[PDB]
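As provided, model21.txt (compact mmCIF, N, CA and C atoms) reads as follows.
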```
# COMPACT_ATOMS: atom_id res chain seq x y z
N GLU A 296 -50.76 -39.46 225.49
CA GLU A 296 -51.20 -38.95 224.20
C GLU A 296 -50.23 -37.84 223.79
N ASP A 297 -49.19 -38.20 223.05
CA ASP A 297 -47.98 -37.38 223.01
C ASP A 297 -47.85 -36.58 221.71
N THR A 298 -46.76 -35.80 221.63
CA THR A 298 -46.30 -35.06 220.45
C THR A 298 -47.37 -34.07 219.98
N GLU A 299 -47.56 -33.05 220.80
CA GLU A 299 -48.58 -32.06 220.53
C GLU A 299 -48.02 -30.87 219.77
N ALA A 300 -48.87 -29.87 219.58
CA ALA A 300 -48.58 -28.72 218.74
C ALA A 300 -48.69 -27.45 219.57
N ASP A 301 -47.56 -26.75 219.72
CA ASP A 301 -47.52 -25.47 220.39
C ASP A 301 -46.76 -24.46 219.53
N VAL A 302 -46.74 -23.22 219.99
CA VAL A 302 -46.08 -22.12 219.27
C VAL A 302 -44.58 -22.27 219.43
N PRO A 303 -43.80 -22.18 218.36
CA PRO A 303 -42.35 -22.01 218.50
C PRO A 303 -41.96 -20.55 218.62
N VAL A 304 -42.78 -19.68 218.04
CA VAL A 304 -42.50 -18.26 218.05
C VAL A 304 -42.67 -17.71 219.45
N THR A 305 -41.65 -16.99 219.91
CA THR A 305 -41.65 -16.53 221.28
C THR A 305 -42.61 -15.35 221.38
N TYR A 306 -43.27 -15.24 222.53
CA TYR A 306 -44.65 -14.76 222.59
C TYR A 306 -44.77 -13.27 222.34
N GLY A 307 -44.89 -12.92 221.06
CA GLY A 307 -45.31 -11.59 220.67
C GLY A 307 -44.29 -10.50 220.85
N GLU A 308 -44.75 -9.25 220.98
CA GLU A 308 -43.85 -8.11 221.08
C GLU A 308 -44.60 -6.94 221.70
N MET A 309 -43.94 -6.30 222.66
CA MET A 309 -44.27 -4.94 223.10
C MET A 309 -43.11 -4.04 222.72
N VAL A 310 -43.37 -3.04 221.90
CA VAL A 310 -42.38 -2.03 221.59
C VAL A 310 -42.93 -0.67 221.98
N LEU A 311 -42.05 0.21 222.44
CA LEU A 311 -42.46 1.57 222.77
C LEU A 311 -42.44 2.40 221.50
N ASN A 312 -43.48 2.25 220.69
CA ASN A 312 -43.62 2.94 219.44
C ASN A 312 -44.31 4.27 219.73
N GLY A 313 -44.64 5.03 218.68
CA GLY A 313 -45.16 6.39 218.77
C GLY A 313 -46.34 6.64 219.69
N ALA A 314 -47.15 5.62 219.94
CA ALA A 314 -48.16 5.74 220.97
C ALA A 314 -47.52 5.83 222.35
N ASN A 315 -46.61 4.90 222.65
CA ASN A 315 -45.94 4.89 223.94
C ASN A 315 -44.91 6.00 224.03
N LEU A 316 -44.03 6.06 223.03
CA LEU A 316 -42.80 6.85 223.01
C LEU A 316 -43.05 8.34 223.23
N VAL A 317 -44.17 8.84 222.72
CA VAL A 317 -44.56 10.22 222.96
C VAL A 317 -44.92 10.39 224.42
N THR A 318 -45.75 9.49 224.94
CA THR A 318 -46.12 9.55 226.35
C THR A 318 -44.97 9.17 227.26
N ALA A 319 -43.99 8.44 226.71
CA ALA A 319 -42.89 7.92 227.50
C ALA A 319 -42.01 9.03 228.07
N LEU A 320 -41.45 9.87 227.21
CA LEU A 320 -40.48 10.83 227.70
C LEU A 320 -41.13 12.16 228.07
N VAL A 321 -42.26 12.49 227.44
CA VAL A 321 -42.84 13.81 227.62
C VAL A 321 -43.57 13.90 228.95
N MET A 322 -44.34 12.87 229.30
CA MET A 322 -45.00 12.93 230.60
C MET A 322 -44.41 11.92 231.58
N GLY A 323 -43.78 10.88 231.08
CA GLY A 323 -43.42 9.79 231.96
C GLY A 323 -44.49 8.74 232.08
N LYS A 324 -45.51 8.78 231.23
CA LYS A 324 -46.62 7.85 231.29
C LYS A 324 -46.40 6.71 230.31
N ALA A 325 -46.84 5.52 230.70
CA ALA A 325 -46.72 4.36 229.84
C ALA A 325 -47.97 3.51 229.96
N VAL A 326 -48.54 3.17 228.81
CA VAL A 326 -49.71 2.30 228.75
C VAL A 326 -49.42 1.18 227.78
N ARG A 327 -49.58 -0.05 228.25
CA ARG A 327 -49.53 -1.22 227.39
C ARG A 327 -50.62 -1.14 226.34
N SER A 328 -50.20 -1.11 225.07
CA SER A 328 -51.08 -1.03 223.90
C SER A 328 -52.00 0.19 223.97
N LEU A 329 -51.39 1.38 223.90
CA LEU A 329 -52.15 2.62 223.97
C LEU A 329 -52.94 2.86 222.69
N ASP A 330 -52.64 2.12 221.62
CA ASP A 330 -53.32 2.22 220.33
C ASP A 330 -54.82 2.00 220.45
N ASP A 331 -55.23 0.79 220.82
CA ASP A 331 -56.65 0.47 220.85
C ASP A 331 -57.34 1.15 222.01
N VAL A 332 -56.68 1.18 223.17
CA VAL A 332 -57.31 1.69 224.38
C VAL A 332 -57.32 3.21 224.33
N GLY A 333 -56.53 3.79 223.44
CA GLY A 333 -56.73 5.18 223.10
C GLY A 333 -57.85 5.35 222.10
N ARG A 334 -57.88 4.48 221.09
CA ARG A 334 -58.88 4.49 220.04
C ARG A 334 -60.26 4.21 220.62
N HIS A 335 -60.41 3.07 221.30
CA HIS A 335 -61.70 2.66 221.86
C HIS A 335 -62.23 3.66 222.86
N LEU A 336 -61.35 4.27 223.65
CA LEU A 336 -61.82 5.21 224.64
C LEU A 336 -62.02 6.59 224.02
N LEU A 337 -61.58 6.76 222.78
CA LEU A 337 -61.99 7.94 222.02
C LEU A 337 -63.35 7.72 221.38
N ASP A 338 -63.66 6.47 221.05
CA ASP A 338 -64.91 6.21 220.35
C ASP A 338 -66.06 6.05 221.33
N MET A 339 -65.79 5.51 222.52
CA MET A 339 -66.85 5.43 223.52
C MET A 339 -67.12 6.81 224.10
N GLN A 340 -66.14 7.71 223.99
CA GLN A 340 -66.36 9.14 224.17
C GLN A 340 -67.41 9.68 223.22
N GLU A 341 -67.41 9.26 221.97
CA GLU A 341 -68.56 9.55 221.13
C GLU A 341 -69.54 8.38 221.09
N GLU A 342 -69.63 7.60 222.17
CA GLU A 342 -70.47 6.40 222.32
C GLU A 342 -70.19 5.36 221.24
N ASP B 149 -29.23 -0.11 221.72
CA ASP B 149 -30.10 -1.28 221.71
C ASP B 149 -31.06 -1.11 220.54
N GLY B 150 -31.90 -2.12 220.35
CA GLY B 150 -32.93 -2.01 219.34
C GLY B 150 -34.09 -1.14 219.73
N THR B 151 -34.13 -0.68 220.98
CA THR B 151 -35.14 0.28 221.39
C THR B 151 -34.91 1.61 220.70
N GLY B 152 -36.01 2.24 220.29
CA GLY B 152 -35.92 3.61 219.81
C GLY B 152 -35.50 4.57 220.91
N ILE B 153 -35.77 4.20 222.17
CA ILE B 153 -35.29 4.96 223.32
C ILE B 153 -33.78 5.06 223.31
N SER B 154 -33.11 3.96 222.94
CA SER B 154 -31.66 4.01 222.75
C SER B 154 -31.29 4.97 221.64
N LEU B 155 -32.07 4.98 220.57
CA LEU B 155 -31.84 5.97 219.53
C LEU B 155 -32.32 7.35 219.98
N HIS B 156 -33.37 7.41 220.81
CA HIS B 156 -33.88 8.71 221.22
C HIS B 156 -32.96 9.41 222.20
N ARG B 157 -32.33 8.69 223.12
CA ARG B 157 -31.35 9.39 223.93
C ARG B 157 -30.03 9.55 223.19
N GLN B 158 -29.84 8.82 222.09
CA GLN B 158 -28.71 9.13 221.22
C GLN B 158 -28.95 10.45 220.50
N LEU B 159 -30.21 10.77 220.23
CA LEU B 159 -30.55 12.10 219.72
C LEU B 159 -30.16 13.19 220.70
N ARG B 160 -30.51 13.01 221.98
CA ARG B 160 -30.34 14.10 222.94
C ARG B 160 -28.90 14.30 223.38
N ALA B 161 -27.96 13.52 222.84
CA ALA B 161 -26.56 13.91 222.94
C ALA B 161 -26.14 14.70 221.71
N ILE B 162 -26.69 14.35 220.56
CA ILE B 162 -26.42 15.09 219.33
C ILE B 162 -26.97 16.50 219.44
N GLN B 163 -28.18 16.65 219.98
CA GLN B 163 -28.72 17.98 220.24
C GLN B 163 -28.11 18.61 221.48
N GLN B 164 -27.15 17.95 222.12
CA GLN B 164 -26.32 18.66 223.07
C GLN B 164 -25.06 19.20 222.42
N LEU B 165 -24.38 18.41 221.59
CA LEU B 165 -23.21 18.92 220.90
C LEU B 165 -23.55 19.98 219.87
N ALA B 166 -24.69 19.82 219.19
CA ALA B 166 -25.06 20.73 218.11
C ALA B 166 -25.34 22.14 218.62
N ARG B 167 -25.61 22.28 219.92
CA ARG B 167 -25.67 23.61 220.49
C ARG B 167 -24.29 24.03 221.00
N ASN B 168 -23.45 23.06 221.38
CA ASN B 168 -22.15 23.40 221.96
C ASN B 168 -21.12 23.77 220.91
N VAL B 169 -21.15 23.11 219.74
CA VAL B 169 -20.14 23.38 218.71
C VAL B 169 -20.29 24.79 218.18
N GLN B 170 -21.53 25.25 218.02
CA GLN B 170 -21.77 26.63 217.62
C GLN B 170 -21.39 27.59 218.74
N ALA B 171 -21.46 27.13 219.99
CA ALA B 171 -21.09 27.98 221.11
C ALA B 171 -19.60 28.26 221.14
N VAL B 172 -18.77 27.25 220.91
CA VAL B 172 -17.34 27.51 220.93
C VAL B 172 -16.88 28.14 219.62
N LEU B 173 -17.49 27.76 218.49
CA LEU B 173 -17.12 28.40 217.23
C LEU B 173 -17.63 29.83 217.18
N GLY B 174 -18.74 30.10 217.87
CA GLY B 174 -19.13 31.47 218.08
C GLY B 174 -18.16 32.23 218.94
N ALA B 175 -17.58 31.57 219.94
CA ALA B 175 -16.79 32.26 220.95
C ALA B 175 -15.49 32.82 220.39
N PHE B 176 -15.03 32.29 219.26
CA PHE B 176 -13.88 32.90 218.62
C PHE B 176 -14.23 34.19 217.92
N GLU B 177 -15.35 34.22 217.19
CA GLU B 177 -15.75 35.44 216.51
C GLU B 177 -16.14 36.52 217.51
N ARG B 178 -16.75 36.11 218.62
CA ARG B 178 -16.90 37.01 219.74
C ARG B 178 -15.55 37.39 220.32
N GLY B 179 -14.64 36.42 220.42
CA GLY B 179 -13.32 36.69 220.93
C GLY B 179 -12.45 37.47 219.97
N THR B 180 -12.79 37.47 218.68
CA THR B 180 -11.99 38.20 217.71
C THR B 180 -12.13 39.70 217.94
N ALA B 181 -13.35 40.15 218.19
CA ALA B 181 -13.58 41.57 218.44
C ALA B 181 -12.98 42.00 219.76
N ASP B 182 -12.98 41.11 220.76
CA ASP B 182 -12.50 41.49 222.08
C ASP B 182 -11.00 41.71 222.10
N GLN B 183 -10.27 41.02 221.22
CA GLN B 183 -8.86 41.33 221.08
C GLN B 183 -8.65 42.71 220.49
N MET B 184 -9.49 43.09 219.53
CA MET B 184 -9.32 44.38 218.88
C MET B 184 -9.59 45.52 219.84
N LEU B 185 -10.46 45.28 220.82
CA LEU B 185 -10.68 46.29 221.84
C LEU B 185 -9.52 46.34 222.83
N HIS B 186 -8.76 45.25 222.96
CA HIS B 186 -7.55 45.35 223.76
C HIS B 186 -6.43 46.01 222.99
N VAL B 187 -6.19 45.57 221.75
CA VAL B 187 -5.02 46.05 221.02
C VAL B 187 -5.21 47.46 220.48
N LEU B 188 -6.44 47.96 220.41
CA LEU B 188 -6.58 49.38 220.17
C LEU B 188 -6.32 50.17 221.44
N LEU B 189 -6.94 49.78 222.55
CA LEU B 189 -6.76 50.51 223.79
C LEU B 189 -5.36 50.37 224.37
N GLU B 190 -4.62 49.34 223.98
CA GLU B 190 -3.23 49.26 224.40
C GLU B 190 -2.38 50.30 223.68
N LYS B 191 -2.70 50.62 222.43
CA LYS B 191 -1.97 51.65 221.71
C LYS B 191 -2.72 52.97 221.63
N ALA B 192 -3.75 53.16 222.46
CA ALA B 192 -4.53 54.39 222.45
C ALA B 192 -4.00 55.33 223.52
N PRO B 193 -3.45 56.48 223.16
CA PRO B 193 -3.17 57.49 224.18
C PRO B 193 -4.43 58.23 224.54
N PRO B 194 -4.54 58.76 225.75
CA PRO B 194 -5.75 59.47 226.13
C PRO B 194 -5.82 60.84 225.47
N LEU B 195 -6.92 61.08 224.76
CA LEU B 195 -7.09 62.29 223.99
C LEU B 195 -7.61 63.39 224.91
N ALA B 196 -6.73 63.88 225.75
CA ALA B 196 -6.81 65.22 226.30
C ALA B 196 -5.38 65.72 226.19
N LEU B 197 -4.52 64.80 225.73
CA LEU B 197 -3.09 65.02 225.74
C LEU B 197 -2.50 65.05 224.34
```
Any chance you could give the structure as structure tokens?
Amino acid sequence: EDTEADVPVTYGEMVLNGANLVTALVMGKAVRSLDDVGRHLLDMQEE
Amino acid sequence: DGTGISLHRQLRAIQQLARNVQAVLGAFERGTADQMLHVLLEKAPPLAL
């Protein structure tokens, strides 16, 4: 059952943007996608 | 590279020269006065005489 449909676009992007980049050189810390996991863990801080 | 890190450490060479260029250009104006203290004291006789 041939000729299927997959992604041609190569899989996404991780860039060290301002979430990473600030933590990158200043502390040496790096978190994959610090945006949401910073956001969500700020909001669960206020429940 | 396309990383901002490549641009970010390109910054930290510019902020190395930008302190150094003022340091050597300062050192002449500092050095300008130091010559005058030599060339006055080279032609200065001691004033007790």
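You will find atom CA of residue A:317 at 13.8 Å from atom CA of residue B:155.
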Given a cut-off of 8 Å, which residues of chain A touch chain B, counting only C-alpha atoms, written out as an mmCIF file with N, CA and C atoms, in the frame of the given file?
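Written output follows (result_1.cif):
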```cif
data_model
loop_
_atom_site.group_PDB
_atom_site.id
_atom_site.type_symbol
_atom_site.label_atom_id
_atom_site.label_comp_id
_atom_site.auth_asym_id
_atom_site.auth_seq_id
_atom_site.Cartn_x
_atom_site.Cartn_y
_atom_site.Cartn_z
ATOM 1 N N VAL A 310 -43.370 -3.040 221.900
ATOM 2 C CA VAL A 310 -42.380 -2.030 221.590
ATOM 3 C C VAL A 310 -42.930 -0.670 221.980
ATOM 4 N N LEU A 311 -42.050 0.210 222.440
ATOM 5 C CA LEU A 311 -42.460 1.570 222.770
ATOM 6 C C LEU A 311 -42.440 2.400 221.500
ATOM 7 N N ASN A 312 -43.480 2.250 220.690
ATOM 8 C CA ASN A 312 -43.620 2.940 219.440
ATOM 9 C C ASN A 312 -44.310 4.270 219.730
ATOM 10 N N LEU A 316 -44.030 6.060 223.030
ATOM 11 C CA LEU A 316 -42.800 6.850 223.010
ATOM 12 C C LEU A 316 -43.050 8.340 223.230
#
```
Find the smallest box with edges along x, y and z containing every listed atom of stretch 169-177 of chain B, then add 6 Å on each side and report centre and edge lengths in Å to one decimal, as lines of an AutoDock Vina configuration file.
```
center_x = -17.8
center_y = 29.8
center_z = 218.8
size_x = 19.9
size_y = 25.4
size_z = 16.6
```
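Atom C of residue B:177 to atom CA of residue B:189 spans 18.0 Å [interatomic distance, one decimal].
Here atom CA of residue B:172 stands at a distance of 25.2 Å from atom C of residue B:188.
Restricting the calculation to only C-alpha atoms, the smallest distance between residue A:329 and any of A:296, A:314, A:308, A:301 is found for A:314.
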Fill in: Picked from chain B by DSSP as helix (DSSP H, G or I), as an MDAnalysis selection string
chainID B and resid 152:190
Could you save the residues just selected, with N, CA and C atoms, as a CSV table (one decimal), in the coordinates of the input?
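As a result, out-v3.csv now contains:
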```
chain,number,residue,atom,x,y,z
B,152,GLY,N,-36.0,2.2,220.3
B,152,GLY,CA,-35.9,3.6,219.8
B,152,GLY,C,-35.5,4.6,220.9
B,153,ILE,N,-35.8,4.2,222.2
B,153,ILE,CA,-35.3,5.0,223.3
B,153,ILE,C,-33.8,5.1,223.3
B,154,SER,N,-33.1,4.0,222.9
B,154,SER,CA,-31.7,4.0,222.8
B,154,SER,C,-31.3,5.0,221.6
B,155,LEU,N,-32.1,5.0,220.6
B,155,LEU,CA,-31.8,6.0,219.5
B,155,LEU,C,-32.3,7.4,220.0
B,156,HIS,N,-33.4,7.4,220.8
B,156,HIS,CA,-33.9,8.7,221.2
B,156,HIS,C,-33.0,9.4,222.2
B,157,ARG,N,-32.3,8.7,223.1
B,157,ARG,CA,-31.4,9.4,223.9
B,157,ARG,C,-30.0,9.6,223.2
B,158,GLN,N,-29.8,8.8,222.1
B,158,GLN,CA,-28.7,9.1,221.2
B,158,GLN,C,-29.0,10.4,220.5
B,159,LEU,N,-30.2,10.8,220.2
B,159,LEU,CA,-30.6,12.1,219.7
B,159,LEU,C,-30.2,13.2,220.7
B,160,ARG,N,-30.5,13.0,222.0
B,160,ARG,CA,-30.3,14.1,222.9
B,160,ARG,C,-28.9,14.3,223.4
B,161,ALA,N,-28.0,13.5,222.8
B,161,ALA,CA,-26.6,13.9,222.9
B,161,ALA,C,-26.1,14.7,221.7
B,162,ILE,N,-26.7,14.4,220.6
B,162,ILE,CA,-26.4,15.1,219.3
B,162,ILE,C,-27.0,16.5,219.4
B,163,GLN,N,-28.2,16.6,220.0
B,163,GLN,CA,-28.7,18.0,220.2
B,163,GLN,C,-28.1,18.6,221.5
B,164,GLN,N,-27.2,18.0,222.1
B,164,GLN,CA,-26.3,18.7,223.1
B,164,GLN,C,-25.1,19.2,222.4
B,165,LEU,N,-24.4,18.4,221.6
B,165,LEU,CA,-23.2,18.9,220.9
B,165,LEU,C,-23.6,20.0,219.9
B,166,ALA,N,-24.7,19.8,219.2
B,166,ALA,CA,-25.1,20.7,218.1
B,166,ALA,C,-25.3,22.1,218.6
B,167,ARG,N,-25.6,22.3,219.9
B,167,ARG,CA,-25.7,23.6,220.5
B,167,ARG,C,-24.3,24.0,221.0
B,168,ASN,N,-23.4,23.1,221.4
B,168,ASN,CA,-22.2,23.4,222.0
B,168,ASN,C,-21.1,23.8,220.9
B,169,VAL,N,-21.2,23.1,219.7
B,169,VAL,CA,-20.1,23.4,218.7
B,169,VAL,C,-20.3,24.8,218.2
B,170,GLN,N,-21.5,25.2,218.0
B,170,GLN,CA,-21.8,26.6,217.6
B,170,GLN,C,-21.4,27.6,218.7
B,171,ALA,N,-21.5,27.1,220.0
B,171,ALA,CA,-21.1,28.0,221.1
B,171,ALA,C,-19.6,28.3,221.1
B,172,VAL,N,-18.8,27.2,220.9
B,172,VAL,CA,-17.3,27.5,220.9
B,172,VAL,C,-16.9,28.1,219.6
B,173,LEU,N,-17.5,27.8,218.5
B,173,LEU,CA,-17.1,28.4,217.2
B,173,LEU,C,-17.6,29.8,217.2
B,174,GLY,N,-18.7,30.1,217.9
B,174,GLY,CA,-19.1,31.5,218.1
B,174,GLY,C,-18.2,32.2,218.9
B,175,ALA,N,-17.6,31.6,219.9
B,175,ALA,CA,-16.8,32.3,221.0
B,175,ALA,C,-15.5,32.8,220.4
B,176,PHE,N,-15.0,32.3,219.3
B,176,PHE,CA,-13.9,32.9,218.6
B,176,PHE,C,-14.2,34.2,217.9
B,177,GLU,N,-15.4,34.2,217.2
B,177,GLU,CA,-15.8,35.4,216.5
B,177,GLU,C,-16.1,36.5,217.5
B,178,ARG,N,-16.8,36.1,218.6
B,178,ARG,CA,-16.9,37.0,219.7
B,178,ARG,C,-15.6,37.4,220.3
B,179,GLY,N,-14.6,36.4,220.4
B,179,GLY,CA,-13.3,36.7,220.9
B,179,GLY,C,-12.4,37.5,220.0
B,180,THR,N,-12.8,37.5,218.7
B,180,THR,CA,-12.0,38.2,217.7
B,180,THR,C,-12.1,39.7,217.9
B,181,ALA,N,-13.4,40.2,218.2
B,181,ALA,CA,-13.6,41.6,218.4
B,181,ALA,C,-13.0,42.0,219.8
B,182,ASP,N,-13.0,41.1,220.8
B,182,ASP,CA,-12.5,41.5,222.1
B,182,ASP,C,-11.0,41.7,222.1
B,183,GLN,N,-10.3,41.0,221.2
B,183,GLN,CA,-8.9,41.3,221.1
B,183,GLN,C,-8.6,42.7,220.5
B,184,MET,N,-9.5,43.1,219.5
B,184,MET,CA,-9.3,44.4,218.9
B,184,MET,C,-9.6,45.5,219.8
B,185,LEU,N,-10.5,45.3,220.8
B,185,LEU,CA,-10.7,46.3,221.8
B,185,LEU,C,-9.5,46.3,222.8
B,186,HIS,N,-8.8,45.2,223.0
B,186,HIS,CA,-7.6,45.4,223.8
B,186,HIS,C,-6.4,46.0,223.0
B,187,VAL,N,-6.2,45.6,221.8
B,187,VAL,CA,-5.0,46.0,221.0
B,187,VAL,C,-5.2,47.5,220.5
B,188,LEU,N,-6.4,48.0,220.4
B,188,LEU,CA,-6.6,49.4,220.2
B,188,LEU,C,-6.3,50.2,221.4
B,189,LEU,N,-6.9,49.8,222.6
B,189,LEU,CA,-6.8,50.5,223.8
B,189,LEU,C,-5.4,50.4,224.4
B,190,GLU,N,-4.6,49.3,224.0
B,190,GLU,CA,-3.2,49.3,224.4
B,190,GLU,C,-2.4,50.3,223.7
```
Filtering to N, CA, C and O atoms, could stretch 311-330 of chain A of the supplied structure be written out as an mmCIF file, in the first residue's frame?
```cif
data_model
loop_
_atom_site.group_PDB
_atom_site.id
_atom_site.type_symbol
_atom_site.label_atom_id
_atom_site.label_comp_id
_atom_site.auth_asym_id
_atom_site.auth_seq_id
_atom_site.Cartn_x
_atom_site.Cartn_y
_atom_site.Cartn_z
ATOM 1 N N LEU A 311 18.798 29.276 20.238
ATOM 2 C CA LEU A 311 19.083 29.867 21.535
ATOM 3 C C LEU A 311 18.698 31.332 21.502
ATOM 4 O O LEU A 311 19.558 32.208 21.381
ATOM 5 N N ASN A 312 17.403 31.596 21.628
ATOM 6 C CA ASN A 312 16.857 32.927 21.598
ATOM 7 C C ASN A 312 16.891 33.465 23.031
ATOM 8 O O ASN A 312 17.419 32.784 23.926
ATOM 9 N N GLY A 313 16.325 34.655 23.248
ATOM 10 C CA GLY A 313 16.392 35.390 24.500
ATOM 11 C C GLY A 313 16.028 34.658 25.776
ATOM 12 O O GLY A 313 16.497 35.018 26.857
ATOM 13 N N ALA A 314 15.189 33.631 25.674
ATOM 14 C CA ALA A 314 14.970 32.760 26.816
ATOM 15 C C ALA A 314 16.233 31.974 27.139
ATOM 16 O O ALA A 314 16.710 31.967 28.278
ATOM 17 N N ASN A 315 16.807 31.326 26.127
ATOM 18 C CA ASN A 315 18.010 30.532 26.324
ATOM 19 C C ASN A 315 19.226 31.419 26.526
ATOM 20 O O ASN A 315 19.976 31.262 27.495
ATOM 21 N N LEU A 316 19.415 32.353 25.588
ATOM 22 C CA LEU A 316 20.621 33.154 25.402
ATOM 23 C C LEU A 316 21.018 33.930 26.648
ATOM 24 O O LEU A 316 22.210 34.092 26.927
ATOM 25 N N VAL A 317 20.029 34.404 27.396
ATOM 26 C CA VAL A 317 20.283 35.076 28.660
ATOM 27 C C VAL A 317 20.827 34.064 29.654
ATOM 28 O O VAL A 317 21.866 34.292 30.279
ATOM 29 N N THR A 318 20.162 32.925 29.775
ATOM 30 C CA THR A 318 20.622 31.876 30.676
ATOM 31 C C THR A 318 21.889 31.208 30.173
ATOM 32 O O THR A 318 22.619 30.585 30.953
ATOM 33 N N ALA A 319 22.136 31.321 28.866
ATOM 34 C CA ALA A 319 23.256 30.630 28.242
ATOM 35 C C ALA A 319 24.597 31.147 28.738
ATOM 36 O O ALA A 319 25.412 30.377 29.246
ATOM 37 N N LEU A 320 24.857 32.443 28.589
ATOM 38 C CA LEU A 320 26.195 32.930 28.899
ATOM 39 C C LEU A 320 26.293 33.412 30.341
ATOM 40 O O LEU A 320 27.371 33.373 30.943
ATOM 41 N N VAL A 321 25.179 33.852 30.920
ATOM 42 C CA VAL A 321 25.240 34.491 32.229
ATOM 43 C C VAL A 321 25.390 33.445 33.326
ATOM 44 O O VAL A 321 26.220 33.601 34.228
ATOM 45 N N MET A 322 24.637 32.349 33.244
ATOM 46 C CA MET A 322 24.816 31.322 34.262
ATOM 47 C C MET A 322 25.471 30.071 33.697
ATOM 48 O O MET A 322 26.066 29.288 34.444
ATOM 49 N N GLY A 323 25.376 29.865 32.392
ATOM 50 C CA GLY A 323 25.771 28.586 31.862
ATOM 51 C C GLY A 323 24.659 27.576 31.835
ATOM 52 O O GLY A 323 24.925 26.390 31.623
ATOM 53 N N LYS A 324 23.424 27.998 32.059
ATOM 54 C CA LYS A 324 22.280 27.106 32.098
ATOM 55 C C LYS A 324 21.572 27.093 30.752
ATOM 56 O O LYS A 324 21.502 28.107 30.056
ATOM 57 N N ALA A 325 21.046 25.927 30.389
ATOM 58 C CA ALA A 325 20.321 25.787 29.142
ATOM 59 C C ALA A 325 19.127 24.877 29.350
ATOM 60 O O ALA A 325 19.247 23.778 29.892
ATOM 61 N N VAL A 326 17.965 25.355 28.921
ATOM 62 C CA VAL A 326 16.733 24.583 28.988
ATOM 63 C C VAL A 326 16.094 24.590 27.615
ATOM 64 O O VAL A 326 15.877 25.654 27.024
ATOM 65 N N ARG A 327 15.824 23.398 27.100
ATOM 66 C CA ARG A 327 15.041 23.244 25.887
ATOM 67 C C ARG A 327 13.651 23.826 26.085
ATOM 68 O O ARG A 327 12.895 23.351 26.938
ATOM 69 N N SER A 328 13.326 24.841 25.280
ATOM 70 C CA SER A 328 12.046 25.553 25.301
ATOM 71 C C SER A 328 11.749 26.122 26.685
ATOM 72 O O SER A 328 10.809 25.711 27.366
ATOM 73 N N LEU A 329 12.571 27.088 27.099
ATOM 74 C CA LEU A 329 12.398 27.713 28.407
ATOM 75 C C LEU A 329 11.180 28.631 28.441
ATOM 76 O O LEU A 329 10.737 29.027 29.524
ATOM 77 N N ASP A 330 10.624 28.966 27.271
ATOM 78 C CA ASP A 330 9.443 29.814 27.138
ATOM 79 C C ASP A 330 8.252 29.267 27.909
ATOM 80 O O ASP A 330 7.817 29.886 28.883
#
```
